[PDB]
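Participant: One structure, as structure tokens, below. Some questions next.
There are 4 protein chains.
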Amino acid sequence: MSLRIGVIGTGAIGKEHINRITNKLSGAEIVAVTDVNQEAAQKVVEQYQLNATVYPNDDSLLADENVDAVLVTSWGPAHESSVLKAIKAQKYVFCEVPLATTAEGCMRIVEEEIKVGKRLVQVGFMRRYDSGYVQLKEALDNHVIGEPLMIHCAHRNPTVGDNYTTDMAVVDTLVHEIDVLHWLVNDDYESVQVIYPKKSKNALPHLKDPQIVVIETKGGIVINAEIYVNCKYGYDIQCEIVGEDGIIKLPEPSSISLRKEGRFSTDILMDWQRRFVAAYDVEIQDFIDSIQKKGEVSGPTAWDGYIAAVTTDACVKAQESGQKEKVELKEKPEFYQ
Amino acid sequence: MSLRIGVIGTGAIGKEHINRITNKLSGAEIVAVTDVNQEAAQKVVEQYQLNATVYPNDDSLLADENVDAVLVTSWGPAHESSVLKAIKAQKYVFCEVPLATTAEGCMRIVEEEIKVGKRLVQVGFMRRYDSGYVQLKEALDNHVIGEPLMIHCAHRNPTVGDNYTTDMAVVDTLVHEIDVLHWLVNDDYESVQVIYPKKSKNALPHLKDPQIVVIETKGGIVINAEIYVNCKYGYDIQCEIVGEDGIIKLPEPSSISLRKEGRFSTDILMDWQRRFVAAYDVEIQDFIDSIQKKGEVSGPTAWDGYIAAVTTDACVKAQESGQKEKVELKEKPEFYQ
Amino acid sequence: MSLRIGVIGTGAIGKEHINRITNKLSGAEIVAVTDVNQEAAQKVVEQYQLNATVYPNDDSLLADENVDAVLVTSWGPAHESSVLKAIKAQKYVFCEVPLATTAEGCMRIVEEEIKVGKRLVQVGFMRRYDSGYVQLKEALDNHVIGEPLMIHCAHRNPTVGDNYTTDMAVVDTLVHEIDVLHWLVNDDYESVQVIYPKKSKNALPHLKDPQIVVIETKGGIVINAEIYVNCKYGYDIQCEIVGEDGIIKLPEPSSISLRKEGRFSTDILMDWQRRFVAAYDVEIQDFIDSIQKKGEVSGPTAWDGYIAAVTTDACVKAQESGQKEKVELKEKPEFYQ
Amino acid sequence: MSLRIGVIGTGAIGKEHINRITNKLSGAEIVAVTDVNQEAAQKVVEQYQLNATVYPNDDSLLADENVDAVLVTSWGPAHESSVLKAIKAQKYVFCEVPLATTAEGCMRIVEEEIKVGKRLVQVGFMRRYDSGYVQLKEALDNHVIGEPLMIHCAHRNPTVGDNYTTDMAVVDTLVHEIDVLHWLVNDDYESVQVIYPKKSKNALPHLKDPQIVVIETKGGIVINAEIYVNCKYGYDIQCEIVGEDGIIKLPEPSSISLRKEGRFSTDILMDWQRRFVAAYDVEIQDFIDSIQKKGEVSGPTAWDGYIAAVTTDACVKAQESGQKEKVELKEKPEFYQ
Ligand SMILES: NC(=O)c1ccc[n+]([C@@H]2O[C@H](COP(=O)([O-])OP(=O)(O)OC[C@H]3O[C@@H](n4cnc5c(N)ncnc54)[C@H](O)[C@@H]3O)[C@@H](O)[C@H]2O)c1
Ligand SMILES: NC(=O)c1ccc[n+]([C@@H]2O[C@H](COP(=O)([O-])OP(=O)(O)OC[C@H]3O[C@@H](n4cnc5c(N)ncnc54)[C@H](O)[C@@H]3O)[C@@H](O)[C@H]2O)c1
Ligand SMILES: NC(=O)c1ccc[n+]([C@@H]2O[C@H](COP(=O)([O-])OP(=O)(O)OC[C@H]3O[C@@H](n4cnc5c(N)ncnc54)[C@H](O)[C@@H]3O)[C@@H](O)[C@H]2O)c1
Ligand SMILES: NC(=O)c1ccc[n+]([C@@H]2O[C@H](COP(=O)([O-])OP(=O)(O)OC[C@H]3O[C@@H](n4cnc5c(N)ncnc54)[C@H](O)[C@@H]3O)[C@@H](O)[C@H]2O)c1
Ligand SMILES: O[C@H]1[C@H](O)[C@@H](O)[C@H](O)[C@@H](O)[C@H]1O
Ligand SMILES: O[C@H]1[C@H](O)[C@@H](O)[C@H](O)[C@@H](O)[C@H]1O
Ligand SMILES: O[C@H]1[C@H](O)[C@@H](O)[C@H](O)[C@@H](O)[C@H]1O
Ligand SMILES: O[C@H]1[C@H](O)[C@@H](O)[C@H](O)[C@@H](O)[C@H]1O
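What follows is the structure, encoded as structure tokens:
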């Protein structure tokens, strides 16, 4: 008896989730899609031979009682709207980042879920299902390196478009680190501070690139985090955690080594999409399985999406100030531990 | 409209395929299982909450017209029997290695499939779906290193049981290399030759371990291949292909690096099962998808299973002779290219 | 016709230079040693079978006209005294770090050398002769990665003594990075800023360990630099330079890899002395050779020692202030380019 | 009081030893050189500003009582002549490989040294002084991986000249492995067997390239050894030793890693000379030091040179026969352990 899923937002990553659920995972199907370009969410239904109803809007989709779960995977701001609706409609919502564009918007969503008595919100912070990050998590839980003291990490991308702006670096990009990092160390962030190095020749004039970002936590962990999205050479994610008695570090994507013309190479990816393909799969599948065999969602909480929003805000605030901004977090509700 | 699958042989790897098809892949279900220990193939139906009929034997299972595909995943010799039946019953057969224990048994199976006009036989040589081996394949197809000249490889295992015998090394074990190697280089084997090094202290008395194995091909490619199944340190697969202008080499399983107490370590697996978990998944899924969207199977042919059998035989013949045995292969039928 | 060398300061590193010059390098000998513990200098002359005169003090040694070059390898704050003397005595001075303990003390030494018309001062910043750092230098000079934008680096040590204090971290330790880094990028430092993470359990109570240190340059290069001297696992130097179009990174000390008990290890050094043994050798030898075939010294200038002093000061100033200190450098004298 | 050294054979490697002893090592000088092109030896004495006598022949040089040690660095088949002379002249001989071109020629040289009562012969098998091979040696001596069972290794070179012939592969080239390998495992060779793979496009027509070479020892260790001297990509030495409980493997030459245009490279050498530069240095220096402080030579014995000769012969015998040749070794003289 499979899980009936409605996708709100048949975009490019909305299309990747539809294709994975259709042709790759187990125990779910797409029965309902709405888009704001109604013709596109009608191109998608034909393209993946779906048996789905095309709604003009989220409301008429959440209306349908066929659907017990929605993928929210449209624009960055048109999320908070759709999520809040689906919480009251008593459906299961998987929400792609961001949870909502504003810190309070996340808070309004937390409050709703608290009422509704059980977890229906999973935030699409896929890094927690990547095997690399799980091994890291594993070791830290086992105290392998003892108490964590520093973290060094990088999020690098070959080039970006004309539509890519100085804040997107802390909003669209550094956001995943922001999630995965505190997940790992089990601490709350206590201050951000941006620092701009020399501007890159590959960066457009309207964009500040690269940029370091330093983050203290309550415990005393210090994290410097490089974001450079015009690095030209590849898409590359790096994370090294120094602890009291040792160091653990994230792996490279598996590659065949080559020996040719003087050099001993491995391979570096160019397409951000390709880097996490398998964590997407594991992540959705866990949404499904966690529902059919538990009656609630499992992954990153709606609260975790709030911490992202607060800290993303702290960042963009230090981006234009050059100062050491703060991260104030409202008390963690009992509903969450 | 899903694919209805009958598993003949609810063993330990029969159980892994059932669990993957049930809870991990898309577009198939298990409706029919038979085992020779009828109570075990009744423990399995309860354990994975299946909706399946428990048959006393293959015949009564192939009888059922619910099932259009069988997993043959029981004993090593009780394969040739079940496969040949399912070819005449006009079902789709996925067969775990070996195809059949004897070289002619593979030949009897080829002849049957040739009649039946289309490919219904996929042999479970999973290495072709491991991302490592695909990258290797990719590079060779692109002539990256030019013409292949030598191959060095190893199949190593921590320890083995009392039931593990000197021939199983070339039959159960070196068999995958034997498949994947000629797949890659696109050549037929022309001679084997075993060579025994000093016996290991970890090997039991009744077993010869390690052993090198040298294989020429028609083209002139030379392959030495180490098999050491009491290596004690881990399960480890290595393959390096030297060519005219360069060298390509298989990767290590992804690992987090650690720095602690003098050493800079990564991690090595202990459980042969864990090494290929993802190629199993991709492999089954491709059986399914290749059927529902093509009306035939895709992967390794029944012919490829024959080449395994001939060459496995050539080996065990050189195992007890100490001589340079030959590999004679009947002409490749037009039905196959 | 060999080079006649006087060692002022027959300490433990004074002794290593004496042993290398005696039994390892070419074209020089020790003919004169003074120490402040006069008995230790006589026991040294006997230990390495030298043909040398034991002076009571630097002055009587610089007096001797046998000697045309001195190694100053005495207790730290003793350097400025001895160097200034040897500049007026018109000898060649090789000075171990620091050049002098105070920024102006370096300035007094610069002014003296400017008068004396030729370079007689080489500062013992050996990192410039390590093959790793030379390869880095090479690449940057060839614009391989284009314009440098960031640098990440680490200086880690297993444990330290009771005599090791919170400033020694920026004075004895981070000092080599401070030299080698601006050498590489060809830029002057423009600001330091210390940041203290959680204190380590391996650090004594009187010591702040670890600590990050952030350094901007004039050009815009940003450098974070970790110093952790109770890291427990080994002695380890790391330096990664990110540029506009690529990344270059320093190597590990050569090691044999091992496969044993689950892990795939290389080796990490424990003794800070062992890490640079071969740069010391190359460095002294270049002092010698550069003299006998040029009539002046070659390596790091007395000026470069001044930049270390200014910047070392900037650091210890930001160490106790928690603020973003500045690095003001007097104009580079024409005598130096 | 330095060591007075006569070089017989002022060739290209004769010249490298002269330059190292003159300008790089400690406690020795060149006072006497002879060459068969007498004009080349006079031009050498001028080039390196030596204080040396130019003899017309070895005899008149060994005549001189100034010299107490000779480097024999002359054309290959010229060695046996000069060495035997210098043994009777009672001088110290450092002999570059080969010791002598024929197996009995080595035997004649062993017999002479046995009479003369002390070791004056050091064979120039430098691999024993390379830090890699020393680490390997170290581990094996400590039983890290337990009992050695197999060895895989490779000697690869970019391209060779027109003067490079199918036997030089086992004579000039595989000879160093032949020495270093039995040194390491502490065993005598018991059989060789050549095997030719597909001929390379980079190899000239008159040369068979690559070639495998399989060597059993008495103990049961099996060694396959690849020689490919037109591999085109670099000069590359690889050696992996598999043992009962683990695997140890030789390192790569230290390199800076680069990230650029899709790839994560290190560097591979092109010039065979550059690979061992530091083992040459350590090797000569140990000749010197071992003499001045022991009154005999230390390194590889004249016996070890004989084992190379026997085994080199065994190989070239299996090179043209395609058969499994044998290695018969006369009893090891008590003079040698
Ligand atoms: N977690 C990750 O690593 C990751 C990766 C990529 C994208 N994303 C996120 O996914 C979301 C979409 O990403 P994209 O790059 O595919 O964007 P996209 O432009 O392809 O998708 C937006 C689509 O949604 C539609 N739309 C907007 N508002 C809607 C609404 N209220 N109801 C129905 N349809 C609506 C638009 O017509 C458009 O087709 C973004 O929030 C982005 O941040 C996350
Ligand atoms: N491709 C691979 O890497 C790989 C890995 C593991 C196992 N295998 C293969 O899978 C097969 C089974 O492996 P296993 O280790 O799980 O063995 P197993 O002992 O667990 O499975 C055998 C089972 O089949 C049953 N059986 C025997 N003949 C039967 C028949 N004719 N009809 C129905 N049931 C029958 C037995 O009762 C038993 O339960 C073997 O051929 C083995 O070589 C392949
Ligand atoms: N650059 C490097 O790689 C490096 C490495 C290690 C040490 N050092 C530095 O080198 C210097 C010496 O180090 P060390 O470990 O040998 O010190 P040490 O304490 O072991 O020895 C110093 C010796 O010099 C003598 N001495 C002090 N002042 C003197 C003077 N004015 N005249 C004559 N003798 C005097 C002392 O009696 C003592 O015997 C220090 O500044 C140290 O920090 C540099
Ligand atoms: N072990 C190693 O790492 C290593 C490395 C390179 C070369 N080698 C070997 O060293 C030897 C010399 O190599 P090379 O490259 O210098 O050779 P080369 O051809 O460049 O020079 C040989 C020189 O010695 C002279 N000579 C020959 N016979 C003589 C004799 N009887 N008396 C005096 N002079 C004589 C020649 O005139 C010539 O000038 C060869 O056997 C070579 O294979 C060993
Ligand atoms: O949202 C994505 C992604 O998270 C990366 O930060 C960046 O490489 C992409 O260009 C961006 O659009
Ligand atoms: O069939 C398996 C496998 O293919 C391996 O060769 C070996 O490690 C196992 O023990 C064997 O039983
Ligand atoms: O450069 C070194 C290094 O920092 C060591 O950690 C310290 O013990 C030494 O005193 C110093 O000279
Ligand atoms: O040891 C070397 C090596 O094998 C080179 O490939 C060869 O050119 C030299 O002649 C030989 O001495």
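Chains as they are written, first to last, in the deposited numbering: chain B, 1 to 337; chain B', 1 to 337; chain A, 1 to 337; chain A', 1 to 337. A prime marks a further copy of an entry chain.
Ideal Cβ positions, reconstructed from N, Cα and C, are used throughout, including at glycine.
What's the call for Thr-159 of chain A, buried or exposed, on a 16-neighbour Cβ count within 10 Å?
Facilitator: Reading the third sequence from its first residue, position 159 is the one you call residue 159 of chain A. Exposed: under 16 other Cβ atoms inside 10 Å.
Participant: Are the Cβ atoms of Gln-90 of chain B and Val-116 of chain B separated by less than 9 Å?
Facilitator: Your numbering for residue 90 of chain B matches position 90 in the first sequence. Your numbering for residue 116 of chain B matches position 116 in the first sequence. The answer is yes: Cβ separation under 9 Å.
Participant: Going by Cα to Cα distance, which pick from A:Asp-286, A:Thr-312, A:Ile-18 is closest to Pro-300 of chain A?
Facilitator: Looking up residue 300 of chain A in the third sequence gives position 300. When only C-alpha atoms are compared, the closest one is A:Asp-286.
Participant: When you compare each of A:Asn-57, A:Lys-332, A:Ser-298 to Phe-94 of chain A by their alpha carbons, which one comes out closest?
Facilitator: For this step, residue 94 of chain A is matched to residue 94 along the third sequence. Cα-wise, what sits closest to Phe-94 of chain A is A:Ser-298.
Participant: Relative to the C-alpha of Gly-132 of chain B, which candidate in B:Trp-303, B:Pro-253, B:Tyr-196, B:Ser-74 has its C-alpha closest?
Facilitator: Indexing the first sequence from 1 puts residue 132 of chain B at position 132. Nearest option by C-alpha distance: B:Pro-253.
Participant: Between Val-31 of chain B' and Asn-51 of chain B', is the Cβ-Cβ spacing less than 9 Å?
Facilitator: Residue mapping note: residue 31 of chain B' aligns to position 31 of the second sequence, counting from 1. Residue mapping note: residue 51 of chain B' aligns to position 51 of the second sequence, counting from 1. Yes. Within cutoff.
Participant: Apart from the five residues on each side of it in sequence, which residues of its chain come closer than 8 Å, Cβ to Cβ, to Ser-2 of chain B?
Facilitator: Position 2 of the first sequence, counted from the first residue, corresponds to residue 2 of chain B. Once the five neighbours on either side are set aside, the close Cβ partners of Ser-2 of chain B are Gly-27, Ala-28, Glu-29.
Participant: Terminal residues of the continuous alpha helix (DSSP H) containing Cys-106 of chain B'?
Facilitator: Sequence index remark: in the second sequence, residue 106 of chain B' carries index 106 (1-based). 103-115 is the extent of the alpha helix (DSSP H) around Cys-106 of chain B'.
Participant: Closer than 7 Å, Cβ to Cβ, to anything on chain A: give me those residues from the region 85-103 of chain B', in chain order.
Facilitator: none
Participant: Using a C-beta cutoff of 9 Å, does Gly-295 of chain A count as contacting chain A'?
Facilitator: The sequence position of residue 295 of chain A within the third sequence is 295, counting from 1. No, no contact with chain A'.
Participant: Would you list, in chain order, the members of the region 263-275 of chain A' that have their beta-carbon closer than 9 Å to a beta-carbon of chain B?
Facilitator: Answer set for the region 263-275 of chain A': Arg-263, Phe-264, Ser-265, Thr-266, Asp-267, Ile-268, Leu-269, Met-270.
Participant: For a test of your reading of the model: does the CB of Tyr-133 of chain A' fall under 8 Å from any non-hydrogen atom of ligand 8? Yes or no.
Facilitator: Walking along the fourth sequence from the start, residue 133 of chain A' turns up at place 133. Every heavy atom of ligand 8 is 8 Å or more from the Cβ of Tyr-133 of chain A', so no.
Participant: For ligand 6, any of its heavy atoms closer than 8 Å to the Cβ of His-206 of chain B'?
Facilitator: By 1-based counting over the second sequence, the position of residue 206 of chain B' is 206. Judged by the Cβ position, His-206 of chain B' fails to qualify as a neighbour of ligand 6 at the 8 Å threshold, every heavy atom of the ligand being at least this far.
Participant: Verify whether the separation of the beta carbon atoms of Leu-149 of chain A' and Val-213 of chain A' is less than 9 Å.
Facilitator: Sequence index remark: in the fourth sequence, residue 149 of chain A' carries index 149 (1-based). Sequence index remark: in the fourth sequence, residue 213 of chain A' carries index 213 (1-based). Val-213 of chain A' is positioned such that its CB atom lies no closer than 9 Å to that of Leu-149 of chain A'.
Participant: Does the region 164-176 of chain B' come close enough to the region 218-238 of chain A' that 3 or more CB-CB pairs lie under 8 Å?
Facilitator: no
Participant: Alpha carbon to alpha carbon, what distance is there between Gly-262 of chain A and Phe-264 of chain B'?
Facilitator: As a working mapping, residue 264 of chain B' is identified with position 264 in the second sequence. As a working mapping, residue 262 of chain A is identified with position 262 in the third sequence. Rounded to the nearest angstrom, the two C-alpha atoms are 13 Å apart.
Participant: Closer than 8 Å to a non-hydrogen atom of ligand 4 - does that hold for the CB of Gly-124 of chain A'?
Facilitator: Within the fourth sequence, the letter at position 124 stands for residue 124 of chain A'. Yes, since a heavy atom of ligand 4 falls inside the 8 Å radius drawn around the Cβ of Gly-124 of chain A'.
Participant: Quick one: is the Cβ of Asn-157 of chain A within less than 8 Å of any heavy atom of ligand 7?
Facilitator: Reading the third sequence from its first residue, position 157 is the one you call residue 157 of chain A. At a cut-off of 8 Å, the beta-carbon of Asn-157 of chain A counts as near ligand 7: some heavy atom of the ligand is closer than that.
Participant: Would you check if the region 92-108 of chain A' and the region 65-75 of chain A' touch, i.e. whether three or more CB-CB distances between them fall below 8 Å?
Facilitator: yes
Participant: What is the rounded straight-line gap between the Cα of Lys-218 of chain A and the Cα of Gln-323 of chain A?
Facilitator: Position 218 of the third sequence, counting from 1, holds the residue named residue 218 of chain A. Position 323 of the third sequence, counting from 1, holds the residue named residue 323 of chain A. Each residue's alpha carbon lies about 19 Å from the other.
Participant: Can you grab the Cα-Cα spacing for the pair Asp-187 of chain A' / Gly-9 of chain A', in whole Å?
Facilitator: Mapped onto the fourth sequence, residue 187 of chain A' falls at position 187. Mapped onto the fourth sequence, residue 9 of chain A' falls at position 9. If you take the alpha carbons of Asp-187 of chain A' and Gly-9 of chain A', they lie about 34 Å apart.
Participant: Could you tell me the boundaries of the beta strand (DSSP E) in which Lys-249 of chain B lies?
Facilitator: Translated into positions along the first sequence, residue 249 of chain B becomes position 249. First-last of the beta strand (DSSP E) with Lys-249 of chain B: 247-249.
Participant: So, helix, strand or coil for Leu-329 of chain B, using DSSP?
Facilitator: On the first sequence, residue 329 of chain B is found 329 positions in, with the first residue counted as 1. DSSP places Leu-329 of chain B outside both helix and strand once states are collapsed to three, so it counts as coil.
Participant: Put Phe-276 of chain B into one of helix, strand or coil per three-state DSSP.
Facilitator: Within the first sequence, numbered from 1, the residue matching residue 276 of chain B stands at position 276. DSSP, reduced to helix, strand and coil, places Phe-276 of chain B within a helical segment of the structure shown.
Participant: CB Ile-5 of chain A to CB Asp-59 of chain A, shorter than 9 Å?
Facilitator: Position 5 of the third sequence, counted from the start, is the residue given in the question as residue 5 of chain A. Position 59 of the third sequence, counted from the start, is the residue given in the question as residue 59 of chain A. No. Outside cutoff.
Participant: Contact criterion: CB-CB distance below 9 Å. Does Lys-326 of chain B' meet it with respect to chain A'?
Facilitator: Locating residue 326 of chain B' in the second sequence gives position 326, where the first residue counts as 1. False, the Cβ-Cβ gap to chain A' never drops below 9 Å.
Participant: Scan the region 127-150 of chain B for residues whose Cβ lies nearer than 8 Å to a Cβ of chain B' and list them as they occur along the chain.
Facilitator: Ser-131, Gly-132, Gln-135, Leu-136, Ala-139, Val-144, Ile-145
Participant: Quick check on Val-54 of chain B': does DSSP put it in helix, strand or coil?
Facilitator: Taking the first residue of the second sequence as 1, we reach residue 54 of chain B' at position 54. Three-state DSSP puts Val-54 of chain B' in a strand.
Participant: Could you name the residues of the same chain whose beta carbon sits closer than 6 Å to that of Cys-106 of chain A', not counting the 5 residues immediately before and after it, in chain order?
Facilitator: Along the fourth sequence, one-based indexing puts residue 106 of chain A' at 106. Excluding residues within five positions, the ones whose Cβ falls inside 6 Å are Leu-99, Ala-100, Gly-305, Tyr-306, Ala-309.
Participant: Pull up the CB-CB distance for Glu-190 of chain A and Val-327 of chain A, whole angstroms please, since I reckon it's below 8 Å.
Facilitator: As a working note, residue 190 of chain A is residue 190 in the third sequence. As a working note, residue 327 of chain A is residue 327 in the third sequence. Right, their Cβ atoms sit about 6 Å apart.
Participant: Assign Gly-295 of chain A to one of three DSSP states: helix, strand, or coil.
Facilitator: Looking up residue 295 of chain A in the third sequence gives position 295. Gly-295 of chain A: coil per DSSP, three-state reduction.
Participant: Do you know whose CA, among B':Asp-64, B':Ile-178, B':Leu-120, lies nearest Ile-291 of chain B''s CA?
Facilitator: Residue mapping note: residue 291 of chain B' aligns to position 291 of the second sequence, counting from 1. When only C-alpha atoms are compared, the closest one is B':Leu-120.
Participant: Would you mind working out which of B:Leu-62, B:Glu-104, B:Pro-77 sits nearest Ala-86 of chain B, comparing C-alpha positions?
Facilitator: Taking the first sequence and counting its residues from 1, the one referred to as residue 86 of chain B is at position 86. Residue B:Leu-62 is the option with its Cα nearest to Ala-86 of chain B.
Participant: Is the distance from the Cβ of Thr-102 of chain A to the Cβ of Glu-80 of chain A below 9 Å?
Facilitator: The residue you call residue 102 of chain A lines up with position 102 of the third sequence. The residue you call residue 80 of chain A lines up with position 80 of the third sequence. In this structure, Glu-80 of chain A lies closer than 9 Å to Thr-102 of chain A by Cβ.
Participant: Please identify the residue among B':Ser-82, B':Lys-15, B':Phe-335 whose C-alpha is closest to the C-alpha of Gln-49 of chain B'.
Facilitator: Your numbering for residue 49 of chain B' matches position 49 in the second sequence. When each option's Cα is compared against that of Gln-49 of chain B', the closest is B':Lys-15.
Participant: Closest to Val-229 of chain B' by C-alpha separation, out of B':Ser-200, B':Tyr-55, B':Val-36, B':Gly-246, would be which residue?
Facilitator: Within the second sequence, residue 229 of chain B' is the residue found at index 229, counting from 1. The candidate whose alpha carbon is nearest that of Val-229 of chain B' is B':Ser-200.
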